[PDB]
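Single-structure report; data block below.
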Amino acid sequence: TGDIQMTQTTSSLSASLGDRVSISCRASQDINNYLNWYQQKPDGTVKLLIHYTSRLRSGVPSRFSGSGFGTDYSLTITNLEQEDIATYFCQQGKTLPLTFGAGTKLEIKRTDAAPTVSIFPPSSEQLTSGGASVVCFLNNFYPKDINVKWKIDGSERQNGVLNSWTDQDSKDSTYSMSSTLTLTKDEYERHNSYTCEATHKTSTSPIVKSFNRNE
Amino acid sequence: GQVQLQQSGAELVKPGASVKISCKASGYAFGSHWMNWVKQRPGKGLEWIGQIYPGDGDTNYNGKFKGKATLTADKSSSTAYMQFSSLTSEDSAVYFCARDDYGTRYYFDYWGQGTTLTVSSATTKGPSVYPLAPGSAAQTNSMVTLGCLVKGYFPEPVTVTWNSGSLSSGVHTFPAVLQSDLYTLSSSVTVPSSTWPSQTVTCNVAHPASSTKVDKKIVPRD
Amino acid sequence: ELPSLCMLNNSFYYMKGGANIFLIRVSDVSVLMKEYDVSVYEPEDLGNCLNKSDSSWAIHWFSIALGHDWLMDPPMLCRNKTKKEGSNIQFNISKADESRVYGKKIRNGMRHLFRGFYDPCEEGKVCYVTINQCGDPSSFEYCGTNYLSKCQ
Ligand SMILES: *[C@@H]1O[C@H](CO)[C@@H](O[C@@H]2O[C@H](CO)[C@@H](O[C@@H]3O[C@H](CO[C@H]4O[C@H](CO[C@H]5O[C@H](CO)[C@@H](O)[C@H](O)[C@@H]5O[C@H]5O[C@H](CO)[C@@H](O)[C@H](O)[C@@H]5O)[C@@H](O)[C@H](O[C@H]5O[C@H](CO)[C@@H](O)[C@H](O)[C@@H]5O)[C@@H]4O)[C@@H](O)[C@H](O[C@H]4O[C@H](CO)[C@@H](O)[C@H](O)[C@@H]4O[C@H]4O[C@H](CO)[C@@H](O)[C@H](O)[C@@H]4O)[C@@H]3O)[C@H](O)[C@H]2NC(C)=O)[C@H](O)[C@H]1NC(C)=O
Ligand SMILES: *[C@@H]1O[C@H](CO)[C@@H](O)[C@H](O)[C@H]1NC(C)=O
Ligand SMILES: *[C@@H]1O[C@H](CO)[C@@H](O)[C@H](O)[C@H]1NC(C)=O
Ligand SMILES: *[C@@H]1O[C@H](CO)[C@@H](O)[C@H](O)[C@H]1NC(C)=O
């Protein structure tokens, strides 16, 4: 017969510290309780948590437990902790080829937090290279949804903006974002004010940080 | 002592070429356990490639990776190898070695740290490290944020630290962005206003593929 | 043809049966689990534990000679012969509940087969009789002729 397909129908979930969560896993064929759970930390390190549906590996907190039979399985985490931020993978060990579910990402819900916004002009070093990057850091906010708009001399600018978002901070459950507006040195010297505006649910007004090249 | 699986470093390989990565095992009888291999791409879950039993050299492959992957092992050095043939962009991924328990239970009880393969025709380039300091007219708070812009390198990875690692708590290093065959990333650090600029703050960037190690001191703008 | 036995030391025994030799060890170490390995419910199931058919009747006789009751006693555990690691047939003789009477009966079987038999089973702890066929990886180096010559 065909390969055993492992389905984790929930790709991501979020819960508060102390909450109980359950992560479902189902197989396309009876796997007879040969079902293993792995935890992958954000840094990529993988650890076996549970084998044979419910058998906890040494050192794994008892908050982690596994249930299931036949095709349907579940990983339950009670009293969710800060250290449980991770992606959880199921895996059948019934027959070759071994196959894994696609993973369920776990993130912590916390209270709302406004971003701390900082703006940085290009260094003289970069200007010598012929580039000019204006960097806006938007740090330690929650929830993750945020909007950044750049304006040069009052006009919205979308070309040349690259954005990058960190994973959820393991210590305070916040997110951070970097937004970089890169111009050529010459274009940069053709304008005056470079402004980062952040819209976030914590405030009805944008958080506005600005640098003027006339310094 | 304890079980460890130490994998070889990141590889950049041109399309069409081959590459062989390794997994050095310690802390257990290497000939008495299967070594399995797993491929991870973002949003592609985990894919089992195959396994070798170094005790007798026997191998089992996922049919999806037959011909693509060739597993070997050397008992005398306790090292498992995975060789790729005719590499293409779909082979760009992180690859893990992972051992099975004694008795072949089809769970992977210890994992390597992963090896990142990049298949690309783009050539290796060292980064430029640019200091991010507040504008001269910027105001002073109780905290001050500084940064480093690590621009125009290839391939991944770089490593970014602050004051030779002394400064670690208030750091955010952002995922690199690829554009026109070059990566750029930024990193921020937040320190008390008393400490900087009175005490020097320096970001340390390393790019092994280009043999680049740069320290960039963040000086106030005047 | 007929089996011959010997006692190397306080935990190492051997049986020769036909052209095969078996390492028999009594210790508190087990690498088998009912979750993963083969439960031997009837003597025909010993075929799942051993590749060679000739080696099967000796183990069948040995188990009978130990006093194992195939109808009423708990099943033995063995590693599936299809696995790489080699034969491993295991009697659970722990001086604990659910195996206290069984364990004493099997130990008395060992005393009847080896006069010098030593009991290493501590009360309230696990204890096992383990059989590996000489030449399987599971017998390691303990069936080299430097060991077998000391027994006979
Ligand atoms: C050959 O025959 C042999 C003889 O028959 C046979 O050995 C016997 O096997 C039986 C059956 O397996 C054993 O009976 C069971 O024993 C289990 C193990 O007991 C010991 O471990 C427990 C768990 O220990 C972890 O958790 C503690 C609490 O957090 C920690 O303090 C520990 O440090 C340890 O943590 C470590 O491991 C964790 C898990 O990986 C991990 O999270 C953590 O980080 C860390 O790494 C102990 O609690 C237990 O303590 C007993 O003894 C002390 C005194 O020393 C007392 O104070 C305790 O009160 C307790 O009595 C042991 O140290 C037990 O888990 C099991 O109990 C469960 O099942 C029974 C029903 O059978 C229930 O009544 C009971 O309530 C338990 O239920 C739990 O599990 C079930 C699933 O089974 C679950 O549904 C339920 O919700 C609940 O979670 C039972 O007693 C027997 O002990 C063995 N005897 C001997 C002598 O070894 C052997 O297997 C045979 N060989 C083969 C190959 O088959
Ligand atoms: C019996 O001999 C073997 C082989 O050297 C050894 O491994 C084992 O520990 C010995 N047992 C005892 C009780 O001396
Ligand atoms: C039986 O033979 C196979 C090879 O055909 C081998 O892999 C396996 O370990 C052997 N099992 C035993 C119990 O000898
Ligand atoms: C032993 O393993 C084979 C697969 O190699 C399987 O077909 C068979 O059912 C197993 N036997 C037992 C008794 O588990």
Side-chain angles (χ1 to χ4, degrees), chain A residues 32-34 37 39 47-68 76-79 83 93-96, chain B residues 53 58 60 103-106 109, chain C residues 6-14 23-42 44-51 73-85 87-103 106 116-130 132 139-144 146-151:
Chain A
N32 303 117
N33 291 106
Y34 295 112
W37 287 100
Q39 182 194 59
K47 167 189 177 189
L48 169 67
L49 295 180
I50 291 175
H51 68 100
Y52 196 69
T53 298
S54 63
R55 303 299 197 274
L56 210 53
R57 289 281 291 178
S58 291
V60 175
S62 195
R63 316 182 284 98
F64 289 90
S65 64
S67 62
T76 299
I77 307 163
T78 64
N79 292 326
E83 63 184 356
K94 171 57 170 36
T95 184
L96 307 181
Chain B
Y53 191 78
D58 199 10
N60 291 298
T104 311
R105 290 170 184 173
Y106 291 164
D109 50 2
Chain C
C6 65
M7 174 184 168
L8 188 70
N9 61 20
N10 278 1
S11 58
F12 270 53
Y13 308 79
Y14 300 84
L23 176 66
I24 306 165
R25 290 178 296 176
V26 184
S27 81
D28 64 7
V29 166
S30 176
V31 301
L32 302 187
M33 297 177 68
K34 294 185 172 168
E35 290 85 346
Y36 289 97
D37 295 300
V38 181
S39 294
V40 186
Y41 300 100
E42 45 188 332
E44 303 65 46
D45 290 323
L46 286 171
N48 303 323
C49 311
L50 295 165
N51 275 346
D73 286 344
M76 305 135 67
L77 255 181
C78 72
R79 181 174 300 115
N80 191 337
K81 64 176 173 175
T82 60
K83 290 187 176 302
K84 295 290 176 185
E85 299 83 356
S87 63
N88 178 331
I89 305 165
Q90 166 176 125
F91 300 80
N92 195 330
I93 58 164
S94 305
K95 287 174 175 173
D97 293 352
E98 306 294 317
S99 57
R100 183 175 313 282
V101 176
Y102 183 69
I106 297 302
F117 169 80
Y118 177 75
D119 172 9
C121 303
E122 305 177 18
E123 216 289 329
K125 293 181 164 51
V126 299
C127 206
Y128 304 91
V129 182
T130 296
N132 318 102
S139 70
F140 288 95
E141 83 285 19
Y142 301 118
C143 296
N146 63 323
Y147 290 98
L148 300 173
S149 62
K150 292 196 168 190
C151 224

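Chain identifiers are assigned alphabetically (A, B, ...) following the order of the sequence lines, protein sequences preceding nucleic acid strands; residue numbering begins at 1 within each chain. Basis for what follows: all heavy atoms, side chains included, without hydrogens, waters or symmetry-related copies. For ligands, and for the atoms within them, numbers begin at 1 and follow the listed sequence.
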Quiz prompt | Protein non-hydrogen atom below 4.0 angstrom of atom 10 (C) of ligand 1 present | solution = no
Practice problem: Looking only at protein heavy atoms, identify the closest one to atom 14 (O) of ligand 2 and say how far it is in Å. | Solution: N9(C) ND2, 3.4 Å
Quiz item: Any side-chain heavy-atom pair from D73(C) and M76(C) closer than 4.5 angstrom?
Solution: no
Self-check item: Under 4.0 Å to a heavy atom of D97(C) - the qualifying atoms of ligand 1, by number
Solution: 5 (O)
Quiz item: Atoms of ligand 1 less than 4.0 Å from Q90(C) heavy atoms?
Solution: 104 (C)
Self-check item: Protein non-hydrogen atom found under 4.0 Å from atom 103 (C) of ligand 1
Solution: yes
Quiz item: Is atom 46 (O) of ligand 1 close to the protein, meaning a heavy atom under 4.0 Å from it?
Solution: yes
Practice problem: Kindly state whether the ring of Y36(C) and the ring of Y52(A) have centres lying under 6.0 angstrom apart. | Solution: yes
Practice problem: Could you see which bit of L56(A) sits under 4.0 Å from ligand 1, with heavy atoms only: side chain, backbone, both or neither? | Solution: both
Quiz item: Heavy atom of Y147(C) under 4.0 Å from ligand 2?
Solution: yes
Quiz item: So which bit of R57(A) gets within less than 4.0 Å of ligand 1, heavy atoms only: side chain, backbone, both or neither?
Solution: backbone
Quiz prompt | Distance from atom 37 (O) of ligand 1 to nearest protein heavy atom, with residue and atom | solution = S58(A) CA, 4.7 Å
Practice problem: Check if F64(A) has a non-hydrogen atom at a distance under 4.0 Å from any atom of ligand 1. | Solution: no
Exercise. Indicate yes or no: does an N/O atom of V60(A) lie under 3.5 Å from an N/O atom of ligand 1?
Key: yes
Quiz item: Are the side chain of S94(C) and the backbone N or O of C127(C) linked by a donor-acceptor pair below 3.5 Å?
Solution: yes
Quiz item: Going by an N to O cut-off under 4.0 Å, is there a salt bridge joining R55(A) and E35(C)?
Solution: yes
Quiz item: Just which atoms of ligand 1 are under 4.0 Å from any heavy atom in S94(C)?
Solution: 1 (C), 2 (O), 3 (C), 4 (C)
Quiz item: Would you say atom 78 (O) of ligand 1 touches the protein, meaning some protein heavy atom is under 4.0 Å from it?
Solution: no
Quiz prompt | Presence of salt bridge, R100(C) and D97(C), under 4.0 angstrom | solution = yes
Quiz item: Is the closest N or O pair between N10(C) and ligand 2 shorter than 3.5 Å?
Solution: no
Quiz item: Relative to the heavy atoms of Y128(C), which atoms of ligand 1 are at a distance of less than 4.0 Å?
Solution: 1 (C), 99 (C), 101 (C), 102 (N), 103 (C), 104 (C)
Self-check item: Heavy atom of protein inside 4.0 Å of atom 97 (C) of ligand 1, strictly below
Solution: yes
Self-check item: Polar side-chain atom of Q90(C) near backbone of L77(C) as donor-acceptor pair, under 3.5 Å
Solution: no
Quiz item: Of the protein's non-hydrogen atoms, which lies at the shortest distance from atom 5 (O) of ligand 4, and what is that distance?
Solution: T82(C) OG1, 3.1 Å
Quiz item: What are the atoms of ligand 1, with element, lying closer than 4.0 Å to any heavy atom of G124(C)?
Solution: 97 (C)
Quiz item: Looking at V126(C), which atoms of ligand 1 are within less than 4.0 Å of one of its heavy atoms?
Solution: 7 (O), 96 (C), 98 (O)
Quiz item: Does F12(C) reach the side chain of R25(C), with side-chain heavy atoms less than 4.5 Å apart?
Solution: yes
Quiz prompt | Proximal ligand 4 atoms for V38(C), defined as those under 4.0 Å from one of its heavy atoms | solution = 12 (C), 13 (C), 14 (O)
Quiz prompt | atom 5 (O) of ligand 1 protein-contacted (non-hydrogen atom, under 4.0 angstrom) | solution = yes
Quiz prompt | Taking atom 8 (C) of ligand 4 as the reference point, the nearest protein heavy atom with its distance | solution = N80(C) ND2, 3.8 Å
Quiz item: Below 4.5 Å, heavy atoms only, C-beta onward: do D109(B) and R57(A) meet side chain to side chain?
Solution: yes
Quiz item: Any N or O on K125(C) sitting closer than 3.5 Å to an N or O of ligand 1?
Solution: no
Quiz item: At what distance is the nearest protein heavy atom to atom 2 (O) of ligand 1, and which residue and atom is it?
Solution: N92(C) ND2, 2.4 Å
Quiz item: atom 51 (C) of ligand 1: protein heavy atom closer than 4.0 Å?
Solution: no
Quiz item: Is the closest protein non-hydrogen atom to atom 2 (O) of ligand 2 under 4.0 Å?
Solution: yes
Quiz prompt | Atom indices of ligand 1 within 4.0 angstrom of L32(C) heavy atoms, with elements | solution = 104 (C)
Quiz prompt | Any non-hydrogen protein atom less than 4.0 Å away from atom 82 (C) of ligand 1 | solution = no
Practice problem: Would you check whether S30(C) has a nitrogen or oxygen atom less than 3.5 angstrom from a nitrogen or oxygen atom of ligand 1? | Solution: no
Quiz item: At what distance is the nearest protein heavy atom to atom 9 (O) of ligand 2, and which residue and atom is it?
Solution: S11(C) OG, 4.6 Å
Practice problem: Check whether any heavy atom of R55(A) sits under 4.0 Å from an atom of ligand 1. | Solution: no
Quiz prompt | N10(C) side chain reached by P120(C) side chain, heavy atoms, under 4.5 Å | solution = no
Self-check item: Polar contact flag for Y142(C) and ligand 2 (N/O pairs, less than 3.5 Å)
Solution: no
Practice problem: For the residue pair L50(C) and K81(C), establish whether any side-chain heavy-atom pair is separated by less than 4.5 Å. | Solution: no
Quiz item: Okay, side chain of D45(C), backbone of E42(C): is any donor-acceptor separation there less than 3.5 Å?
Solution: yes
Practice problem: Measure the CG-CD1 distance between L46(C) and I89(C) for me, rounded to the nearest 0.5 Å. | Solution: 5.5 Å
Quiz item: Under 4.5 Å between any side-chain heavy atoms of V31(C) and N88(C), yes or no?
Solution: yes
Quiz item: Taking only heavy atoms of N48(C), which atoms of ligand 4 are found under 4.0 Å from at least one of them?
Solution: 13 (C)
Quiz item: Is the shortest side-chain N to carboxylate O distance from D28(C) to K95(C) below 4.0 Å?
Solution: no
Practice problem: Examine the side chains of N132(C) and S139(C) and answer whether a donor and an acceptor come within less than 3.5 Å of each other. | Solution: no
Quiz item: Is the shortest N/O to N/O distance between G59(A) and ligand 1 below 3.5 Å?
Solution: yes
Quiz prompt | Donor-acceptor under 3.5 Å (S39(C) side chain, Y41(C) main chain) | solution = no
Quiz prompt | Neighbour count >12 (heavy atoms, 6.0 Å) for atom CD, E98(C) | solution = no
Self-check item: Proximity of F91(C) and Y128(C) rings by center, below 6.0 Å
Solution: no
